[PDB]
>>> print(open('data34.txt').read())   # compact mmCIF, N, CA and C atoms
# COMPACT_ATOMS: atom_id res chain seq x y z
N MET D 1 13.07 -72.62 148.42
CA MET D 1 14.49 -72.42 148.80
C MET D 1 15.21 -71.83 147.56
N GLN D 2 16.20 -71.05 147.85
CA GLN D 2 17.00 -70.45 146.74
C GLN D 2 18.16 -71.37 146.40
N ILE D 3 18.41 -71.53 145.11
CA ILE D 3 19.59 -72.28 144.65
C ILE D 3 20.27 -71.38 143.58
N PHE D 4 21.51 -71.72 143.32
CA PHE D 4 22.25 -70.90 142.28
C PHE D 4 22.58 -71.79 141.11
N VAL D 5 22.48 -71.34 139.87
CA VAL D 5 22.88 -72.14 138.73
C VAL D 5 24.03 -71.36 138.05
N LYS D 6 25.20 -71.90 138.06
CA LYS D 6 26.38 -71.19 137.46
C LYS D 6 26.55 -71.67 136.05
N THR D 7 26.62 -70.74 135.08
CA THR D 7 26.79 -71.14 133.67
C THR D 7 28.26 -71.00 133.28
N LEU D 8 28.64 -71.49 132.12
CA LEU D 8 30.05 -71.42 131.68
C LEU D 8 30.48 -70.03 131.28
N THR D 9 29.53 -69.07 131.22
CA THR D 9 30.00 -67.71 130.82
C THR D 9 30.15 -66.79 131.99
N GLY D 10 30.16 -67.32 133.18
CA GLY D 10 30.29 -66.56 134.40
C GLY D 10 29.07 -65.84 134.87
N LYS D 11 27.93 -66.22 134.34
CA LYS D 11 26.65 -65.68 134.78
C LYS D 11 26.10 -66.70 135.80
N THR D 12 25.54 -66.21 136.89
CA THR D 12 24.93 -67.15 137.84
C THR D 12 23.45 -66.78 137.93
N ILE D 13 22.59 -67.78 137.82
CA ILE D 13 21.15 -67.39 137.91
C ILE D 13 20.59 -67.90 139.21
N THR D 14 19.73 -67.14 139.85
CA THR D 14 19.15 -67.68 141.12
C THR D 14 17.76 -68.19 140.82
N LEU D 15 17.37 -69.32 141.39
CA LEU D 15 16.06 -69.89 141.15
C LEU D 15 15.39 -70.13 142.51
N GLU D 16 14.08 -70.13 142.49
CA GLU D 16 13.37 -70.50 143.76
C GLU D 16 12.73 -71.83 143.43
N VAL D 17 13.12 -72.81 144.23
CA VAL D 17 12.66 -74.18 144.07
C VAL D 17 12.36 -74.83 145.43
N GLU D 18 11.76 -75.99 145.30
CA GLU D 18 11.45 -76.88 146.42
C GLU D 18 12.19 -78.18 146.15
N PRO D 19 12.68 -78.82 147.19
CA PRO D 19 13.37 -80.11 147.07
C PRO D 19 12.52 -81.14 146.37
N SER D 20 11.21 -80.97 146.41
CA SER D 20 10.30 -81.95 145.80
C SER D 20 10.22 -81.76 144.31
N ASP D 21 10.81 -80.67 143.81
CA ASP D 21 10.72 -80.45 142.34
C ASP D 21 11.57 -81.45 141.62
N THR D 22 11.14 -81.83 140.42
CA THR D 22 11.90 -82.71 139.57
C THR D 22 12.94 -81.87 138.80
N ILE D 23 13.95 -82.59 138.31
CA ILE D 23 14.98 -81.98 137.47
C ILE D 23 14.35 -81.41 136.20
N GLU D 24 13.37 -82.10 135.67
CA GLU D 24 12.65 -81.58 134.46
C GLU D 24 12.06 -80.22 134.73
N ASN D 25 11.51 -80.04 135.91
CA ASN D 25 10.88 -78.79 136.35
C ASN D 25 11.90 -77.65 136.46
N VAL D 26 13.03 -78.00 137.06
CA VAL D 26 14.11 -77.04 137.21
C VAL D 26 14.53 -76.53 135.83
N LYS D 27 14.70 -77.46 134.90
CA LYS D 27 15.11 -77.09 133.54
C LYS D 27 14.08 -76.18 132.89
N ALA D 28 12.80 -76.41 133.14
CA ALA D 28 11.74 -75.54 132.62
C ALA D 28 11.80 -74.16 133.24
N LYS D 29 12.12 -74.05 134.52
CA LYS D 29 12.29 -72.73 135.16
C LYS D 29 13.47 -71.96 134.54
N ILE D 30 14.53 -72.70 134.21
CA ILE D 30 15.71 -72.06 133.61
C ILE D 30 15.30 -71.62 132.20
N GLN D 31 14.54 -72.41 131.49
CA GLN D 31 14.13 -71.97 130.12
C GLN D 31 13.30 -70.68 130.23
N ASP D 32 12.34 -70.75 131.12
CA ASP D 32 11.46 -69.58 131.37
C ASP D 32 12.26 -68.33 131.67
N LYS D 33 13.33 -68.46 132.49
CA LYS D 33 14.03 -67.20 132.85
C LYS D 33 15.20 -66.81 132.01
N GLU D 34 15.89 -67.67 131.31
CA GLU D 34 17.03 -67.34 130.48
C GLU D 34 16.88 -67.79 129.05
N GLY D 35 15.82 -68.52 128.74
CA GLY D 35 15.53 -68.95 127.39
C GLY D 35 16.24 -70.13 126.85
N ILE D 36 17.04 -70.82 127.68
CA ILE D 36 17.74 -72.00 127.16
C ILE D 36 16.82 -73.21 127.11
N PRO D 37 16.70 -73.82 125.94
CA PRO D 37 15.87 -75.03 125.75
C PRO D 37 16.31 -76.14 126.68
N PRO D 38 15.39 -76.84 127.30
CA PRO D 38 15.77 -77.92 128.23
C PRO D 38 16.64 -78.98 127.60
N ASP D 39 16.47 -79.24 126.33
CA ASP D 39 17.25 -80.31 125.65
C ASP D 39 18.72 -79.95 125.53
N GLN D 40 19.05 -78.68 125.72
CA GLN D 40 20.47 -78.27 125.64
C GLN D 40 21.13 -78.22 127.03
N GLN D 41 20.35 -78.33 128.09
CA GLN D 41 20.84 -78.25 129.45
C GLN D 41 21.37 -79.54 130.03
N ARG D 42 22.58 -79.44 130.59
CA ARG D 42 23.17 -80.58 131.36
C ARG D 42 23.42 -80.02 132.74
N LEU D 43 22.76 -80.53 133.78
CA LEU D 43 22.94 -79.97 135.15
C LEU D 43 23.83 -80.89 135.97
N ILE D 44 24.84 -80.30 136.61
CA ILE D 44 25.82 -81.04 137.40
C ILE D 44 25.87 -80.55 138.84
N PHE D 45 25.82 -81.54 139.78
CA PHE D 45 25.91 -81.24 141.22
C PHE D 45 26.71 -82.41 141.82
N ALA D 46 27.70 -82.00 142.58
CA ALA D 46 28.58 -82.92 143.32
C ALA D 46 29.08 -84.04 142.42
N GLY D 47 29.50 -83.65 141.25
CA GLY D 47 30.01 -84.44 140.18
C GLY D 47 29.09 -85.47 139.58
N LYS D 48 27.80 -85.31 139.73
CA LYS D 48 26.82 -86.23 139.14
C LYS D 48 26.01 -85.42 138.11
N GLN D 49 25.65 -86.03 137.01
CA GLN D 49 24.77 -85.34 136.02
C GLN D 49 23.36 -85.63 136.53
N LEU D 50 22.53 -84.62 136.66
CA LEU D 50 21.18 -84.77 137.23
C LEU D 50 20.24 -85.34 136.18
N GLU D 51 19.38 -86.27 136.57
CA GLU D 51 18.46 -86.91 135.60
C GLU D 51 17.08 -86.31 135.73
N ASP D 52 16.38 -86.07 134.65
CA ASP D 52 15.07 -85.42 134.60
C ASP D 52 13.96 -85.86 135.53
N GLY D 53 13.79 -87.15 135.72
CA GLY D 53 12.71 -87.74 136.54
C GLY D 53 12.97 -87.80 138.01
N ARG D 54 14.18 -87.50 138.47
CA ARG D 54 14.49 -87.46 139.91
C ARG D 54 14.12 -86.09 140.44
N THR D 55 14.04 -85.95 141.74
CA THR D 55 13.76 -84.68 142.43
C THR D 55 15.10 -84.18 143.02
N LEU D 56 15.12 -82.92 143.39
CA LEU D 56 16.30 -82.30 144.03
C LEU D 56 16.58 -83.04 145.33
N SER D 57 15.51 -83.47 146.04
CA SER D 57 15.78 -84.18 147.31
C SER D 57 16.52 -85.48 147.10
N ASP D 58 16.32 -86.11 145.95
CA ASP D 58 17.00 -87.39 145.64
C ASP D 58 18.52 -87.24 145.75
N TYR D 59 18.99 -86.11 145.30
CA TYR D 59 20.41 -85.75 145.32
C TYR D 59 20.81 -85.02 146.58
N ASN D 60 19.97 -84.83 147.57
CA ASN D 60 20.40 -84.10 148.78
C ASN D 60 20.91 -82.71 148.43
N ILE D 61 20.17 -82.00 147.60
CA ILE D 61 20.52 -80.59 147.27
C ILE D 61 19.83 -79.72 148.31
N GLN D 62 20.56 -79.01 149.13
CA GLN D 62 20.00 -78.18 150.23
C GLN D 62 20.02 -76.70 149.82
N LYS D 63 19.37 -75.84 150.59
CA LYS D 63 19.26 -74.43 150.27
C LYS D 63 20.66 -73.85 150.08
N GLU D 64 20.71 -72.94 149.10
CA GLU D 64 21.88 -72.21 148.69
C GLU D 64 22.99 -72.99 148.04
N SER D 65 22.64 -74.16 147.55
CA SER D 65 23.54 -75.03 146.78
C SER D 65 23.75 -74.36 145.41
N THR D 66 24.81 -74.72 144.73
CA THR D 66 25.09 -74.23 143.37
C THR D 66 25.14 -75.43 142.42
N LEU D 67 24.36 -75.39 141.34
CA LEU D 67 24.44 -76.45 140.33
C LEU D 67 25.25 -75.86 139.16
N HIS D 68 25.88 -76.68 138.39
CA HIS D 68 26.63 -76.15 137.23
C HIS D 68 25.79 -76.51 136.00
N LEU D 69 25.64 -75.56 135.09
CA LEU D 69 24.93 -75.79 133.83
C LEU D 69 25.88 -75.87 132.67
N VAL D 70 25.99 -76.97 132.01
CA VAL D 70 26.83 -77.06 130.79
C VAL D 70 25.81 -77.17 129.65
N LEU D 71 26.06 -76.51 128.54
CA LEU D 71 25.14 -76.58 127.38
C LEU D 71 25.63 -77.62 126.41
N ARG D 72 24.76 -78.38 125.87
CA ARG D 72 25.08 -79.40 124.85
C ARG D 72 24.33 -78.98 123.59
N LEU D 73 24.93 -78.34 122.64
CA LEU D 73 24.17 -77.92 121.44
C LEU D 73 24.11 -79.07 120.44
N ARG D 74 23.02 -79.06 119.68
CA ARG D 74 22.77 -80.09 118.67
C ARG D 74 23.21 -79.56 117.31
N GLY D 75 24.44 -79.89 116.96
CA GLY D 75 25.05 -79.50 115.69
C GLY D 75 26.30 -78.66 115.81
N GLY D 76 27.34 -79.15 115.16
CA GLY D 76 28.67 -78.53 115.10
C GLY D 76 29.62 -79.48 114.37
>>> encode(input="data34.txt", output="structure tokens")
Amino acid sequence: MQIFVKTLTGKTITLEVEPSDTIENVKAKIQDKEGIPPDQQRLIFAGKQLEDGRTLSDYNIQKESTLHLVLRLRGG
């Protein structure tokens, strides 16, 4: 299924995922395609921060949903 990940710079990335995928997996797909390290990624859907060990189905994320990506950098 296609999902959209909207970043804070107005770029939206499309990913192909399955509801059975874990949040950790999603973060790895985002690293693979845009280069952002998983440790800097904070994923938000329906006002909940997504946790690594849960699956997309846990959160009831359906096709064509949009997740928000906030970056948390280490150092500033």
>>> select_by_dssp(input="data34.txt", residues="chain D", states="strand (DSSP E or B)", output="VMD selection string")
chain D and resid 2 to 7 12 to 16 22 41 to 45 48 to 49 55 66 to 71
>>> residues_around(input="data34.txt", residues="segment 65-74 of chain D", least_positions_apart="6", cutoff="6 Å", atoms="only C-alpha atoms", output="MDAnalysis selection string")
chainID D and resid 3:7 40:45
>>> atom_distance(input="data34.txt", atom1="atom CA of residue 14 of chain D", atom2="atom CA of residue 59 of chain D")
18.6 Å
>>> atom_distance(input="data34.txt", atom1="atom CA of residue 46 of chain D", atom2="atom CA of residue 27 of chain D")
17.6 Å
>>> residues_near_point(input="data34.txt", point="(9.7, -80.5, 130.6)", cutoff="10 Å", atoms="only C-alpha atoms", output="list in words")
residues 22, 23, 24, 25, 26, 27, 28, 29, 31, 37, 38, 39, 52 and 53 of chain D
>>> atom_distance(input="data34.txt", atom1="atom CA of residue 16 of chain D", atom2="atom C of residue 2 of chain D")
5.5 Å
>>> closest_residue(input="data34.txt", among="D:56, D:34, D:49, D:61", to="residue 21 of chain D", atoms="only C-alpha atoms")
D:56
>>> axis_aligned_box(input="data34.txt", around="segment 17-31 of chain D", padding_each_side="5 Å", output="lines of an AutoDock Vina configuration file")
center_x = 13.0
center_y = -76.7
center_z = 138.7
size_x = 15.5
size_y = 22.0
size_z = 27.1
>>> decode(input="data34.txt", residues="segment 12-57 of chain D", atoms="N, CA and C atoms", output="PDB file, in the first residue's frame")
ATOM      1  N   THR D  12       7.288  15.791   0.418  1.00  0.00           N
ATOM      2  CA  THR D  12       6.494  14.628   0.859  1.00  0.00           C
ATOM      3  C   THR D  12       7.107  13.411   0.167  1.00  0.00           C
ATOM      4  N   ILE D  13       7.355  12.358   0.947  1.00  0.00           N
ATOM      5  CA  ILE D  13       7.946  11.178   0.251  1.00  0.00           C
ATOM      6  C   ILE D  13       6.921  10.080   0.187  1.00  0.00           C
ATOM      7  N   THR D  14       6.868   9.349  -0.904  1.00  0.00           N
ATOM      8  CA  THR D  14       5.872   8.237  -0.934  1.00  0.00           C
ATOM      9  C   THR D  14       6.601   6.945  -0.668  1.00  0.00           C
ATOM     10  N   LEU D  15       6.023   6.044   0.111  1.00  0.00           N
ATOM     11  CA  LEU D  15       6.654   4.782   0.434  1.00  0.00           C
ATOM     12  C   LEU D  15       5.681   3.650   0.083  1.00  0.00           C
ATOM     13  N   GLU D  16       6.240   2.497  -0.192  1.00  0.00           N
ATOM     14  CA  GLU D  16       5.328   1.326  -0.405  1.00  0.00           C
ATOM     15  C   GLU D  16       5.604   0.439   0.789  1.00  0.00           C
ATOM     16  N   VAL D  17       4.524   0.207   1.520  1.00  0.00           N
ATOM     17  CA  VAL D  17       4.573  -0.587   2.741  1.00  0.00           C
ATOM     18  C   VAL D  17       3.358  -1.522   2.845  1.00  0.00           C
ATOM     19  N   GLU D  18       3.477  -2.383   3.832  1.00  0.00           N
ATOM     20  CA  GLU D  18       2.419  -3.314   4.227  1.00  0.00           C
ATOM     21  C   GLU D  18       2.085  -2.991   5.676  1.00  0.00           C
ATOM     22  N   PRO D  19       0.822  -3.110   6.039  1.00  0.00           N
ATOM     23  CA  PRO D  19       0.371  -2.878   7.412  1.00  0.00           C
ATOM     24  C   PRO D  19       1.128  -3.725   8.405  1.00  0.00           C
ATOM     25  N   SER D  20       1.668  -4.843   7.950  1.00  0.00           N
ATOM     26  CA  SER D  20       2.377  -5.754   8.864  1.00  0.00           C
ATOM     27  C   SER D  20       3.778  -5.260   9.141  1.00  0.00           C
ATOM     28  N   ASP D  21       4.203  -4.222   8.418  1.00  0.00           N
ATOM     29  CA  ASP D  21       5.588  -3.738   8.663  1.00  0.00           C
ATOM     30  C   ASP D  21       5.662  -3.058  10.006  1.00  0.00           C
ATOM     31  N   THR D  22       6.819  -3.157  10.639  1.00  0.00           N
ATOM     32  CA  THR D  22       7.074  -2.484  11.891  1.00  0.00           C
ATOM     33  C   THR D  22       7.509  -1.033  11.580  1.00  0.00           C
ATOM     34  N   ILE D  23       7.373  -0.210  12.620  1.00  0.00           N
ATOM     35  CA  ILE D  23       7.818   1.179  12.542  1.00  0.00           C
ATOM     36  C   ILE D  23       9.325   1.239  12.285  1.00  0.00           C
ATOM     37  N   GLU D  24      10.056   0.328  12.882  1.00  0.00           N
ATOM     38  CA  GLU D  24      11.535   0.263  12.638  1.00  0.00           C
ATOM     39  C   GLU D  24      11.827   0.087  11.169  1.00  0.00           C
ATOM     40  N   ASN D  25      11.041  -0.744  10.504  1.00  0.00           N
ATOM     41  CA  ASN D  25      11.178  -1.048   9.074  1.00  0.00           C
ATOM     42  C   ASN D  25      10.896   0.182   8.211  1.00  0.00           C
ATOM     43  N   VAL D  26       9.828   0.873   8.584  1.00  0.00           N
ATOM     44  CA  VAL D  26       9.447   2.090   7.877  1.00  0.00           C
ATOM     45  C   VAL D  26      10.600   3.087   7.935  1.00  0.00           C
ATOM     46  N   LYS D  27      11.162   3.251   9.127  1.00  0.00           N
ATOM     47  CA  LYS D  27      12.279   4.188   9.311  1.00  0.00           C
ATOM     48  C   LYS D  27      13.466   3.787   8.451  1.00  0.00           C
ATOM     49  N   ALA D  28      13.727   2.503   8.317  1.00  0.00           N
ATOM     50  CA  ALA D  28      14.809   2.012   7.455  1.00  0.00           C
ATOM     51  C   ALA D  28      14.522   2.304   5.993  1.00  0.00           C
ATOM     52  N   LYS D  29      13.280   2.195   5.546  1.00  0.00           N
ATOM     53  CA  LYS D  29      12.920   2.548   4.158  1.00  0.00           C
ATOM     54  C   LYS D  29      13.142   4.050   3.900  1.00  0.00           C
ATOM     55  N   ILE D  30      12.843   4.859   4.918  1.00  0.00           N
ATOM     56  CA  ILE D  30      13.023   6.314   4.769  1.00  0.00           C
ATOM     57  C   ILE D  30      14.536   6.571   4.723  1.00  0.00           C
ATOM     58  N   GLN D  31      15.310   5.878   5.520  1.00  0.00           N
ATOM     59  CA  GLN D  31      16.786   6.122   5.465  1.00  0.00           C
ATOM     60  C   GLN D  31      17.303   5.763   4.061  1.00  0.00           C
ATOM     61  N   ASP D  32      16.893   4.594   3.633  1.00  0.00           N
ATOM     62  CA  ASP D  32      17.285   4.105   2.290  1.00  0.00           C
ATOM     63  C   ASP D  32      16.950   5.109   1.208  1.00  0.00           C
ATOM     64  N   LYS D  33      15.763   5.739   1.293  1.00  0.00           N
ATOM     65  CA  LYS D  33      15.411   6.645   0.167  1.00  0.00           C
ATOM     66  C   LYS D  33      15.760   8.083   0.325  1.00  0.00           C
ATOM     67  N   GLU D  34      15.906   8.657   1.487  1.00  0.00           N
ATOM     68  CA  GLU D  34      16.245  10.047   1.694  1.00  0.00           C
ATOM     69  C   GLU D  34      17.482  10.256   2.530  1.00  0.00           C
ATOM     70  N   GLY D  35      18.038   9.190   3.082  1.00  0.00           N
ATOM     71  CA  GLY D  35      19.260   9.251   3.839  1.00  0.00           C
ATOM     72  C   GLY D  35      19.202   9.679   5.253  1.00  0.00           C
ATOM     73  N   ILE D  36      17.991   9.887   5.798  1.00  0.00           N
ATOM     74  CA  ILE D  36      17.910  10.307   7.206  1.00  0.00           C
ATOM     75  C   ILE D  36      18.081   9.122   8.140  1.00  0.00           C
ATOM     76  N   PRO D  37      19.039   9.209   9.056  1.00  0.00           N
ATOM     77  CA  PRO D  37      19.299   8.156  10.053  1.00  0.00           C
ATOM     78  C   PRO D  37      18.055   7.869  10.874  1.00  0.00           C
ATOM     79  N   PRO D  38      17.741   6.623  11.131  1.00  0.00           N
ATOM     80  CA  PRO D  38      16.535   6.299  11.910  1.00  0.00           C
ATOM     81  C   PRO D  38      16.510   6.942  13.271  1.00  0.00           C
ATOM     82  N   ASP D  39      17.653   7.132  13.885  1.00  0.00           N
ATOM     83  CA  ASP D  39      17.706   7.710  15.255  1.00  0.00           C
ATOM     84  C   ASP D  39      17.280   9.172  15.280  1.00  0.00           C
ATOM     85  N   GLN D  40      17.241   9.799  14.115  1.00  0.00           N
ATOM     86  CA  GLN D  40      16.808  11.216  14.057  1.00  0.00           C
ATOM     87  C   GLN D  40      15.313  11.349  13.711  1.00  0.00           C
ATOM     88  N   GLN D  41      14.675  10.272  13.312  1.00  0.00           N
ATOM     89  CA  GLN D  41      13.289  10.269  12.910  1.00  0.00           C
ATOM     90  C   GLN D  41      12.282  10.133  14.033  1.00  0.00           C
ATOM     91  N   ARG D  42      11.309  11.041  14.018  1.00  0.00           N
ATOM     92  CA  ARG D  42      10.140  10.945  14.947  1.00  0.00           C
ATOM     93  C   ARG D  42       8.929  10.878  14.043  1.00  0.00           C
ATOM     94  N   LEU D  43       8.173   9.782  14.040  1.00  0.00           N
ATOM     95  CA  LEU D  43       7.009   9.658  13.127  1.00  0.00           C
ATOM     96  C   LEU D  43       5.714   9.873  13.902  1.00  0.00           C
ATOM     97  N   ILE D  44       4.859  10.742  13.371  1.00  0.00           N
ATOM     98  CA  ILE D  44       3.598  11.105  14.007  1.00  0.00           C
ATOM     99  C   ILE D  44       2.402  10.817  13.107  1.00  0.00           C
ATOM    100  N   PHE D  45       1.387  10.146  13.714  1.00  0.00           N
ATOM    101  CA  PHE D  45       0.137   9.835  13.002  1.00  0.00           C
ATOM    102  C   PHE D  45      -0.977   9.960  14.059  1.00  0.00           C
ATOM    103  N   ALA D  46      -1.966  10.716  13.650  1.00  0.00           N
ATOM    104  CA  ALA D  46      -3.185  10.956  14.447  1.00  0.00           C
ATOM    105  C   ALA D  46      -2.829  11.333  15.877  1.00  0.00           C
ATOM    106  N   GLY D  47      -1.885  12.224  15.977  1.00  0.00           N
ATOM    107  CA  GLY D  47      -1.313  12.785  17.164  1.00  0.00           C
ATOM    108  C   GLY D  47      -0.613  11.844  18.110  1.00  0.00           C
ATOM    109  N   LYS D  48      -0.186  10.704  17.638  1.00  0.00           N
ATOM    110  CA  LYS D  48       0.552   9.736  18.460  1.00  0.00           C
ATOM    111  C   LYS D  48       1.971   9.629  17.872  1.00  0.00           C
ATOM    112  N   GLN D  49       2.966   9.491  18.706  1.00  0.00           N
ATOM    113  CA  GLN D  49       4.347   9.261  18.193  1.00  0.00           C
ATOM    114  C   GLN D  49       4.416   7.749  17.999  1.00  0.00           C
ATOM    115  N   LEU D  50       4.857   7.297  16.851  1.00  0.00           N
ATOM    116  CA  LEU D  50       4.882   5.861  16.525  1.00  0.00           C
ATOM    117  C   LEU D  50       6.084   5.199  17.178  1.00  0.00           C
ATOM    118  N   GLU D  51       5.895   4.001  17.734  1.00  0.00           N
ATOM    119  CA  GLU D  51       7.003   3.314  18.433  1.00  0.00           C
ATOM    120  C   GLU D  51       7.583   2.244  17.550  1.00  0.00           C
ATOM    121  N   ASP D  52       8.879   2.062  17.518  1.00  0.00           N
ATOM    122  CA  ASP D  52       9.596   1.129  16.655  1.00  0.00           C
ATOM    123  C   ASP D  52       9.143  -0.315  16.527  1.00  0.00           C
ATOM    124  N   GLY D  53       8.777  -0.942  17.621  1.00  0.00           N
ATOM    125  CA  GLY D  53       8.369  -2.358  17.673  1.00  0.00           C
ATOM    126  C   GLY D  53       6.950  -2.645  17.315  1.00  0.00           C
ATOM    127  N   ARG D  54       6.105  -1.634  17.152  1.00  0.00           N
ATOM    128  CA  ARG D  54       4.706  -1.834  16.724  1.00  0.00           C
ATOM    129  C   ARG D  54       4.683  -1.896  15.204  1.00  0.00           C
ATOM    130  N   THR D  55       3.589  -2.358  14.652  1.00  0.00           N
ATOM    131  CA  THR D  55       3.364  -2.433  13.191  1.00  0.00           C
ATOM    132  C   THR D  55       2.393  -1.283  12.830  1.00  0.00           C
ATOM    133  N   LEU D  56       2.318  -0.986  11.549  1.00  0.00           N
ATOM    134  CA  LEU D  56       1.397   0.041  11.031  1.00  0.00           C
ATOM    135  C   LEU D  56      -0.030  -0.389  11.359  1.00  0.00           C
ATOM    136  N   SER D  57      -0.307  -1.708  11.301  1.00  0.00           N
ATOM    137  CA  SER D  57      -1.698  -2.126  11.608  1.00  0.00           C
ATOM    138  C   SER D  57      -2.086  -1.814  13.036  1.00  0.00           C
TER     139      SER D  57
END
